[PDB]
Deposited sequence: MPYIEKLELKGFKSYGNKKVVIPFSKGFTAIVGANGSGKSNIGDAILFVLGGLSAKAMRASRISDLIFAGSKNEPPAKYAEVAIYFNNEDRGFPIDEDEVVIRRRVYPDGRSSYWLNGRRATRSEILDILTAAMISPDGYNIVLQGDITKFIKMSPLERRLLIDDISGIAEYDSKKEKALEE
């Protein structure tokens, strides 16, 4: 399964007009910052670009760059870049390697690489409270769905 080379943010929440580039090890990367530094917006930028939230400089943009040398994504290129920019009027557009793409096509592409904005592999603040307070019925229902 492929991996994240970097994330680029420009006009997104606390990240301003000068594009910000956030590099990641193929292994383990730790992110250190104070409460309010914008570190939690990193998790938000990732949910934004991977598509969980439908739409329903003066654009916020997030681009994520994946190394696809293992070909986990069904795309015959060594790098897969998913870019999404939200406008003031509320519109939202996506690109996949510089080409326009729809949200529905980006999701299908991520699912194919075993990635989803709803995946268990993303544990944000609030996700641990969720697991702690789940009713036993809901906890068995997660197992039904996974099975």
- Task: Please list, in sequence order, every stretch of the deposited sequence that lacks C-alpha coordinates.
- Result: 57-76, 168-182
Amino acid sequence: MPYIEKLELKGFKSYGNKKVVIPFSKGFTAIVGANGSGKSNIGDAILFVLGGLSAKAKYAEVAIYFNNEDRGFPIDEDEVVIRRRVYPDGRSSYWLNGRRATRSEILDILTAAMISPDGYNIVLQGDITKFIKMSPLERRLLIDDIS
From here on, numbers count along this sequence of modelled residues.
- Of the two stretches 66-74 and 92-100, which shows the higher Cα B-factor on average in the entry? 66-74
- Stretch exceeding the other in mean C-alpha B-factor - 80-88, 36-44: 36-44
- Item | Candidate set 60, 112, 49, 31 [ranked by C-alpha B-factor, highest] | 112
- Item | Record-listed C-alpha B factor of residue 9: chain third | lowest
- Task: Relative to the other modelled residues of the same chain, rank the CA B-factor of residue 18 and answer lowest, middle or highest third.
- Result: highest
- Which third, lowest, middle or highest, does the CA B-factor of residue 142 fall in along this chain? middle
- Hey, what third does residue 105 fall into on Cα B-factor, ranked over its chain? lowest
